[PDB]
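>>> Turn this into a model:
(2 chains)
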Amino acid sequence: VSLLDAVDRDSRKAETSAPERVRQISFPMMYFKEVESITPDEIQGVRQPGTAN
Amino acid sequence: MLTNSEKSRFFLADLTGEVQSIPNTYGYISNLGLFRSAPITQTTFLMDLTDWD
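Numbering: from 1, shown residues only, chains lettered A, B, ... in the order given. Please find the structure below.
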């Protein structure tokens, strides 16, 4: 909006407001994946780090 | 208690004792108690280190 300007009542004029505007947008997205596995060979005969037997 | 004089064996003088000088010792850290006592029965010991990121 904006301020109006003066006008003479016997020299009549008129102001007008500009139209409203509309707009649109869009977005993509991100994808993440991870994988892991366990095998018996990782446990066979592996000593625990903090203990002797 | 009486002892022989300075320049004659036939006269006595009085002895008043001794004064001792003892060297300084500091032992500041030893009293903080930072270091724990961990006696062991061997001439060597081992440790294990584990890391990941």
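>>> At the geometric centre of chain B, which residue do we find?
By C-alpha atoms, centre = their mean, chain B has its centre lying nearest to residue B:25, at 6.5 Å.
>>> What residues does that one make contact with?
Applying C-beta atoms under 8 Å, 6 or more residues apart in numbering or on different chains, we find residue B:25 in contact with no residue. In this view, the C-beta of every residue, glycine as well, is placed from N, C-alpha and C.
>>> how far away is it from residue B:33?
18 Å (C-beta to C-beta, to the nearest Å).
>>> now do residue B:24
According to C-beta to C-beta, residue B:24 and residue B:33 sit 22 Å apart.
>>> Which one's more surrounded, those two?
Between residue B:24 and residue B:33, residue B:33 has the larger neighbour count (other C-beta atoms under 10 Å in any protein chain shown), namely 7 against 4.
>>> For the more buried one, list the residues it contacts.
Applying C-beta under 8 Å, 6+ apart, we find residue B:33 in contact with no residue.
>>> how much space is there between it and residue A:27?
Separation of residue B:33 from residue A:27 (C-beta to C-beta): 61 Å.
>>> swap in residue B:17?
Residue B:17 is 98 Å from residue A:27, by C-beta to C-beta.
>>> just residue B:29 next, same as before
Distance from residue B:29 to residue A:27, by C-beta to C-beta: 62 Å.
>>> Return the residue of chain A that is most distant from the centre.
Centroid-distance maximum for chain A: residue A:10 at 55.7 Å, with C-alpha atoms, centre = their mean.
>>> in what helix or strand does the residue nearest the centre of chain A lie?
The residue lying closest to the centre of chain A (C-alpha atoms, centre = their mean) is residue A:27, at 7.8 Å. Under DSSP states H and E, no helix or strand contains residue A:27.
>>> And residue B:13, by the same measure?
strand B:12-14.
>>> Let me see the ranges of the strands in chain B.
B:2-4, B:12-14 (DSSP state E).
>>> who touches the first one?
When you say that, I think you mean strand B:2-4. Here strand B:2-4 makes contact (C-beta under 8 Å, 6+ apart) with B:11, B:12, B:13, B:14, B:15.
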